[PDB]
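All heavy atoms count here, side chains included; hydrogens, waters and symmetry mates do not. In what follows, chains carry the letters A, B, and so on, assigned in the order in which the sequence lines appear, proteins first and then strands, with residues in each chain numbered from 1.
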Amino acid sequence: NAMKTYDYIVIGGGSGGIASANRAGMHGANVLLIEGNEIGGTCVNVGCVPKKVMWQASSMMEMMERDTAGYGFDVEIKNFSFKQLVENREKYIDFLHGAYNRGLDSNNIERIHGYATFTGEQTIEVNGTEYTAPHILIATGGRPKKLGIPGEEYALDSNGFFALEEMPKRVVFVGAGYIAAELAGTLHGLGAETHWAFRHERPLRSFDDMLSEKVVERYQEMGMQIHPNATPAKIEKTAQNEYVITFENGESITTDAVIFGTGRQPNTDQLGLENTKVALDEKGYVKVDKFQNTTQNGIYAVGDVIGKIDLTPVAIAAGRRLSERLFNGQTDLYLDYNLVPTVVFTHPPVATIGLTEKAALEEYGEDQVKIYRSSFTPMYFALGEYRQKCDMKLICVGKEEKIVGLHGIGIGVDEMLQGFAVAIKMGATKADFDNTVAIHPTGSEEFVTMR
Amino acid sequence: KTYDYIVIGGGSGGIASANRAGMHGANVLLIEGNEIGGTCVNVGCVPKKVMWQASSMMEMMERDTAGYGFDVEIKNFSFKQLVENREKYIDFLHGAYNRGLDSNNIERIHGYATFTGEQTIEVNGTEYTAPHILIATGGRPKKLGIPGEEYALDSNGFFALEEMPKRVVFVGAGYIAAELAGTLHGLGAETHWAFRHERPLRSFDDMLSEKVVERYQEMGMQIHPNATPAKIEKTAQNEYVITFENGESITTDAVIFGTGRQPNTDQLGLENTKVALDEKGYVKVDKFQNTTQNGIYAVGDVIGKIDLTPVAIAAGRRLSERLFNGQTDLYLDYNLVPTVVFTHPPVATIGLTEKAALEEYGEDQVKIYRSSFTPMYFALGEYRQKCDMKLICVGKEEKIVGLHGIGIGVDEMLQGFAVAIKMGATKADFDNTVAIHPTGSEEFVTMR
Ligand SMILES: Cc1cc2nc3c(=O)[nH]c(=O)nc-3n(C[C@H](O)[C@H](O)[C@H](O)COP(=O)(O)OP(=O)(O)OC[C@H]3O[C@@H](n4cnc5c(N)ncnc54)[C@H](O)[C@@H]3O)c2cc1C
Ligand SMILES: Cc1cc2nc3c(=O)[nH]c(=O)nc-3n(C[C@H](O)[C@H](O)[C@H](O)COP(=O)(O)OP(=O)(O)OC[C@H]3O[C@@H](n4cnc5c(N)ncnc54)[C@H](O)[C@@H]3O)c2cc1C
Ligand SMILES: [Cl-]
Ligand SMILES: [Cl-]
Ligand SMILES: [Cl-]
Ligand SMILES: [Cl-]
Ligand SMILES: [Cl-]
Ligand SMILES: [Cl-]
Ligand SMILES: [Cl-]
Ligand SMILES: [Cl-]
Ligand SMILES: [Cl-]
Ligand SMILES: [Cl-]
Ligand SMILES: [Mg+2]
Ligand SMILES: [Mg+2]
Ligand SMILES: [Mg+2]
Ligand SMILES: [Mg+2]
Ligand SMILES: [Mg+2]
Ligand SMILES: [Mg+2]
């Protein structure tokens, strides 16, 4: 009957929760981890992992259809089974569940399958029983928002996309963020007649202009239909087993599926926070200080639920550093949220870190900003007729030309960024790049040979 | 005639130095006896990378497509078309290099130069002089030196191929043999790789040499260690038999070798200068690329330092900045130069090997971080190719003195890490950089 006591209770078994629980357990803490759905959270089950698998498949189909002849190959794709692709993808995710469970076991983590709700400042309830600890981590992540139009029951969010076991012949993606950009490129590369509709002149408005421009340009060249200045009005199911999505501008598209990515919301509703001193912002995100402390001593928060940078490695690092602080005496340790690198898996991929050109100009002024810009055809395309471009930009500030932003779009940029992120975090200048000998022949060398 | 600068060799180093000199107003003469662009453009980095790409594409189609739900058939593979297309691209490069030389007012002569005096050279029976002369003549393949050597092909012979041998034996332990072996193996040839010692790639970190062999063996390449070539004989059925000193013999359609290169200094007329050569024939130079004779300089493969294109280019450019743009103290640092080897999968390396670090700093000052994982790319098929990474750290601060990796995508990962390492990155600098997920590159910043 008495509350079962632990040193640490982690609510949510996703990127942030698993990382924080494991690190606390490694340091000898008696840890309880609570997950209501599936171990691994969003990234493993309906996020980064399945997205990357599908991207890889779509890239493979594109390479085979377009780039093989130039290298002397006459290739025929006798069949493509989207169903088998999905089955293999899900079999890998099941394997990941096992890998994560073995990691948790190695760190002596005890787990509960169910949803937790606070019942006091240091007490939660799940499946009828109460548990208490002096340290509780909220790592509940987020979930998709609804489309909010008539016929939305016919549309699919990202979860709906992953639930697909057959590919639609025609599809309309609604949204301007990286999720819509990535998923649109995936079904398009796999052969669906693909439309991408977004509200303004351009999508990916938070990205550097070079990147938003080029993602659209590259997709448009390969045959994706772009519908800018398109606000959804309604989705109608017709008598012929198909849908018609109409926009406020009057245009319409007949399609087999509508997939939307119009924002996510934090999993703080029905968490019982009224029983704590944890404050939420207007959007429902948990307020935290630099140390991941909520407004109540004894409760912490990391990951998507705090509404800062919604990436798996951020949640992981925030969670690990938090456990080092609480259970390994690293009293002053915290995660720096500046200069976090991001890769977006468009076709080709995008790499970005630091400030956009417009943000740099606003912060430092035109007289203090110098932009280096490069555009070249990767050697990979030298033998075919399709000359896809790779575009790169370095944003430098002051006499010293300190790099405050680096952006690129092109084949292979997904693997080029990590090292440059290290150098930029260290305060790299244009001179530091220039003094590093190039590696030839690679696309990466173009970053250190810009004039 | 008289010029401000005479450049002997129209390869990576010579073109780079000549263009930079012309850009600064020097009257330049560049002499090239063969093809503009030298080794890298014609019979090196460029065609090597093109063939590697074709090889990787075939391996991908045959092995990795089923896992992603594709039933694919390679109906035909035309090595002849691949080479035609490759050479068409190289011809385009010739044109671009020539346009660049024209833009910098470089005069060119097609012929082989020989020194006749300390500041005078001869080409096509005519003499030319200049107060500054750059030797950028590069190197060439060594010969096998055994009976039947004429039946084998060096790397130049490999690029001269317009058709592929069905069965092939690669001879040599260096990166050239390693790369070419992987290329023909991925393109379908029954491939053997024979080298003199227990392992190849002996100048590379042990993790890299060991894994290159392991990865190749797993994919069906036949490895023959402790195999010193003895002879090659042509049989009555128009096939070759290469025999080694250990008694092994292999019947094959071609023997391709990479047993080292030698500097192009022997027919250069250096007896007419004060330019000294080392015991192997390399031109001796100081940190500023000065030969032992004032007025003559040398860059690139001919100096026997780091035989890479970007090194030759940077040495040549900086030399021209020093000689023609008053950058008196400018020189190229040859430490921490990054290298990528296009094996299958590729190899990335910068800094010291584990053994060199241990010898230099001592066991109690060296800490090694290792990572081994299966790239997600391979998660859906039966073949789980591994990616292996190593960070070599020194002292209490764990300064990174070496970084090594083998696996898919490492070819594009290295450049940025080289910048950080050149800046003096520590393990803490890597740890303090947020990872990018999902990528292979994140494993470099998350080792424990
Ligand atoms: C389509 C898509 C693609 C993405 N691609 C990438 C990418 O390529 N790279 C990248 O870095 N990031 C990517 N992300 C973002 C990444 O998935 C998230 O940033 C990350 O999953 C956040 O981790 P988290 O621990 O905050 O939340 P989650 O991983 O969402 O975990 C929260 C967990 O808590 C559980 N939960 C919620 N409430 C309770 C409760 N009361 N009790 C018990 N359990 C609860 C949920 O079931 C969930 O499993 C992507 C996201 C999406 C949607
Ligand atoms: C198979 C192979 C693959 C390679 N792959 C890579 C790689 O991926 N990355 C990399 O960085 N490096 C690579 N290299 C190395 C790179 O090609 C060389 O380091 C680079 O070409 C050296 O440039 P250089 O100017 O010193 O000599 P070269 O490029 O060889 O140029 C020397 C030129 O001088 C000419 N010449 C010689 N003597 C005379 C004379 N007396 N008069 C007139 N002309 C003369 C020759 O015809 C030649 O064109 C590779 C080399 C080979 C053989
Ligand atoms: Cl973990
Ligand atoms: Cl939108
Ligand atoms: Cl911008
Ligand atoms: Cl979204
Ligand atoms: Cl040049
Ligand atoms: Cl050998
Ligand atoms: Cl070697
Ligand atoms: Cl070693
Ligand atoms: Cl060699
Ligand atoms: Cl490979
Ligand atoms: Mg499942
Ligand atoms: Mg709300
Ligand atoms: Mg002139
Ligand atoms: Mg002979
Ligand atoms: Mg075959
Ligand atoms: Mg002669």
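- For A/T442, the parts lying near chain B are the backbone and the side chain together; criterion is any non-hydrogen pair under 4.5 Å.
- When heavy atoms are compared at a cutoff of 4.5 Å, A/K91 does not approach chain B at all.
- With a threshold of 4.5 angstrom between heavy atoms, A/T449 does not approach chain B through any atom at all.
- Within the 4.5 angstrom heavy-atom criterion, only side-chain atoms of A/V448, from C-beta onward, approach chain B.
- If you measure heavy-atom distances from B/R448 to chain A, the contacts under 4.5 Å come from the side chain alone.
- By the 4.0 Å N-to-carboxylate-O rule, A/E324 lies close enough to A/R23 to be salt-bridged with it.
- Heavy atoms of A/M63 lying under 4.5 Å from chain B belong exclusively to its side chain.
- Interface remark: A/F80 contributes backbone and side-chain atoms alike to the contact with chain B (heavy atom separation under 4.5 Å).
- Counting only distance, with no hydrogens or angles, the side chain of B/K422 and the backbone of A/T436 share no donor-acceptor pair below 3.5 Å.
- Side-chain contact check for B/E398 and B/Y369: at least one donor-acceptor pair (N or O, by modelled atom type) lies under 3.5 Å.
- In this structure, a donor-acceptor pair under 3.5 Å is absent between the side chains of A/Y71 and B/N85.
- At distances below 3.5 Å, at least one donor-acceptor pair connects side-chain atoms of A/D336 with backbone N or O atoms of A/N338.
- The distance between the ring centers of B/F430 and B/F417 falls below 6.0 angstrom.
- For A/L311, no part lies near chain B; criterion is any non-hydrogen pair under 4.5 Å.
- At a threshold of 4.0 Å, the pair A/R89-A/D94 does not count as salt-bridged, since none of the basic side-chain nitrogens sits closer than that to a carboxylate oxygen.
- Chain B forms more heavy-atom pairs under 4.5 Å with one residue of A/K83, A/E76, A/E445, A/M379 than with any other, namely A/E76.
- For A/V413, no part sits under 4.5 Å from any heavy atom of chain B, backbone or side chain.
- Between chain A and the options B/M58, B/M423, B/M61, heavy-atom pairs under 4.5 Å are most frequent for B/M423.
- At a 4.5 Å heavy-atom cutoff, the contact between A/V53 and chain B is made by backbone and side-chain atoms alike.
- The pair A/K51-A/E182 meets the salt-bridge criterion, since a charged nitrogen lies less than 4.0 angstrom from a carboxylate oxygen.
- Checked by atom type and distance alone, the side chain of B/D429 pairs as donor or acceptor with a backbone atom of B/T426 at under 3.5 Å.
- For A/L190, the part lying under 4.5 angstrom from a heavy atom of chain B is the side chain only.
- Heavy atoms closer than 4.5 Å to chain B are found in the side chain of A/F345, but not in its backbone.
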